[PDB]
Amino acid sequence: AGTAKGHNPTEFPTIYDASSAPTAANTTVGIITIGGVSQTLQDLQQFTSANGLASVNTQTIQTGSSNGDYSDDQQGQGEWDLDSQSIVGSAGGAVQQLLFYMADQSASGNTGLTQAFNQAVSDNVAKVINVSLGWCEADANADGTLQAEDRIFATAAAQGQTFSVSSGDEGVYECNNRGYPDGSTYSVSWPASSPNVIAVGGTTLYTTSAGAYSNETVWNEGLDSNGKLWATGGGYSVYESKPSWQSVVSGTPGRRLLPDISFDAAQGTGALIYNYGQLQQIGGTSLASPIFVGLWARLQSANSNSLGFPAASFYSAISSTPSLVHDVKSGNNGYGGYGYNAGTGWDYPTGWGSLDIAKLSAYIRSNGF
């Protein structure tokens, strides 16, 4: 069954059958960040230069008050590094432009992040926007953040923009102090639980000795030394109603089910990322979402950026056309015998699984999306 190892981001096209697709050279991509990206831009230069790629056109955008705090968060740089290098690698080494929509760190509440989302939608220049972040949806709901941000994502979807959002790293235990085992008590992350975004969960990725895809299982690496679970977020929103396209998954509640799709997330099978100059092997659903973003941006470039928000089409296409995905069947996203189990077809840990990009491209050529 393949081998578990780290991977250069430039390998993700081979792994997910995207090498025959155009690059994302004709599609602009956004990344939501918390604070600045000055070190991240140096790490991105290290990435493209080491891989012999053309340099990436970047812009940074202060999305809130002009007097806000956009200084670099040092630990955050590794996350913006994961996002940006994984997007560019998955995109085949080229994007039209990479836009960093930086959230103010000195704003009240969650308003810095809300303003970053808002700016990406108002500007309506990026076709695909990565969000490798989140938190307990019940906490977001309790202070009004959920409602305010969902309005923004609704505008995005109506405008034809794709927000991609990591499902979470806490398995079913998102709301229990961010991942502490809690028995049968299951919860999900915001903004992944929005029906106006594509929620991306996580796999453990096995490759053959030649580097081809072998298999994927659920991402679940168990507990760390603090006792926190590291596993793919998945479940259903307690607040958001089920969008009609999800009705194809029978026997589920009348709620937004997540994730929609999944890609590599296990640290043990994760991406090799330049962070403050040093190569580190990094996972999370923060990896899986940028993989999706880069791959989806290729399909946008192949289709003149004319593909709208793709949730309905994913559910109709994949339910009727199982060859479009790698269906994850093994593993669970809890602990101690609790959590959801993968299975045939759509499941709570992984949604439909990972996309086979060339097969999806051929489907889109025939059928539209």
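In this text, residue numbers run from 1 along the sequence as written.
As listed in the deposited structure, the average C-alpha B-factor of 22-30 and of 64-72 is greater for 64-72.
Stretches 76-84 and 191-199 differ in mean CA B factor, with 76-84 having the higher one. Highest CA B-factor among the listed residues (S90, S184, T252, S166): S184. The top Cα temperature factor in the record, among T145, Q246, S132, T204, falls on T145. Ranked by C-alpha B-factor against the other modelled residues of its chain, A54 falls in the highest third. The deposited CA B-factor of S286 belongs to the lowest third of values across its chain. Ranked by C-alpha B-factor against the other modelled residues of its chain, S237 falls in the lowest third.
Per the PDB record, residue ranking by Cα B-factor puts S316 in the middle third of the chain. Per the PDB record, residue ranking by Cα B-factor puts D260 in the lowest third of the chain.
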